[PDB]
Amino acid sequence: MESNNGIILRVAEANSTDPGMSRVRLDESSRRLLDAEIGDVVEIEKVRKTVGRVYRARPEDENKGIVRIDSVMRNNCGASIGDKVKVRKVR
């Protein structure tokens, strides 16, 4: 699947501090491609759309093409760990 106005990333599990906080961990490359500041509202899309705020991914995840969202958000958007999802800045 493709995206013209967002990016595609692989879903990974939340950082342990994240569940229930509507956080979307994105690396520097992803944030730059999306023109997303920390705190910007983004959407994760697969079967459905879920919304959350951008959080700085940790150094080990830089340039690994992943987005970290917790199990509730994965259920909301309809993705499993390792699935491709669309990440979109809410304009």
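From 1 onward, residues are counted along the sequence shown.
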Notebook entry, point to check: According to the deposited model, is the average Cα temperature factor higher in 22-30 or in 56-64?
Noted result: 56-64
Next item on the list: For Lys84, return the chain-relative third of its C-alpha B-factor as stated in the PDB record: lowest, middle or highest.
Entry: middle
Notebook entry, point to check: Split the chain's modelled residues into thirds by Cα B-factor; is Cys77 in the lowest, middle or highest one?
Noted result: middle
Next item on the list: Could you look up the Cα B-factor of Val90 in the entry and say which third of the chain it sits in: lowest, middle or highest?
Entry: lowest
Check: When the modelled residues of the chain are sorted by Cα temperature factor, does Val11 land in the lowest, middle or highest third?
Finding: middle
